[PDB]
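Worksheet for the structure shown next.
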Amino acid sequence: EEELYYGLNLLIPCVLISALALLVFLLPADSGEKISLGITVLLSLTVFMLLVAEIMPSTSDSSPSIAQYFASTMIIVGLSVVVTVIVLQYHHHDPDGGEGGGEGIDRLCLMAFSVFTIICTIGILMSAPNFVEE
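Letter by letter, the sequence shown follows residues 30 to 163 in this note's numbering.
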């Protein structure tokens, strides 16, 4: 049961950050939150990763399950923040007023990461739903 409970508590923050990010992606205010959340999610990943990596070590039994998934994630997550920045440079038009003012690319990058998380959690869940040894 700990497998489900643990992952759950880990999904809270995972999806949380992604959500808060969308709020900025679609609403590029460029007031400071861009760089603020940038390092936030970056530092939040490295930390959370250490925990997931601690439970799944590799010294006597080399067989990473969730780790292999958590790693590939940081990869797409890293280059992602890079593109967002460059985009902000090119487009120097971020007026203030109300709401509504995003871009297609930003939306696509979000929709992709969205399903990526859903298929991820289920990936390891279906790969080994049992609580047996390995």
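Ideal placement from N, C-alpha and C gives every residue a C-beta, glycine not left out.
Residue i versus residue j: straight-line alpha-carbon distance, rounded
i           : j           : result
residue 158 : residue 30  : 10 Å
residue 141 : residue 98  : 16 Å
residue 37  : residue 151 : 12 Å
residue 48  : residue 161 : 34 Å
residue 126 : residue 94  : 47 Å
residue 68  : residue 76  : 12 Å
residue 85  : residue 105 : 21 Å
residue 88  : residue 123 : 51 Å
residue 82  : residue 119 : 38 Å
residue 44  : residue 146 : 8 Å
Selection from the options that minimises the alpha carbon distance to residue i
i           : options           : result
residue 71  : 54, 110, 80, 61   : 110
residue 33  : 115, 153, 63      : 153
residue 121 : 59, 146, 133, 151 : 59
residue 134 : 79, 144, 119, 113 : 113
residue 163 : 140, 92, 37       : 92
residue 102 : 51, 148, 62       : 148
residue 52  : 130, 41, 119, 116 : 130
residue 46  : 139, 35, 79, 104  : 139
residue 128 : 55, 35, 39, 68    : 55
residue 78  : 100, 119, 88      : 100
residue 117 : 155, 63, 107      : 63
residue 74  : 107, 90, 50, 61   : 107
Endpoints, alpha helix (DSSP H) assigned at residue i
i           : result
residue 58  : From DSSP, residue 58 is part of no alpha helix (DSSP H); its letter is neither H nor E.
residue 142 : 133-156
residue 99  : 95-119
Counted within 10 angstroms of its Cβ, other Cβ atoms place residue i as buried (16 or more) or exposed
i          : result
residue 66 : buried
residue 57 : buried
Minimum Cβ-Cβ distance from residue i to chain C less than 8 Å
i           : result
residue 151 : This model lacks chain C altogether; it includes just one protein chain.
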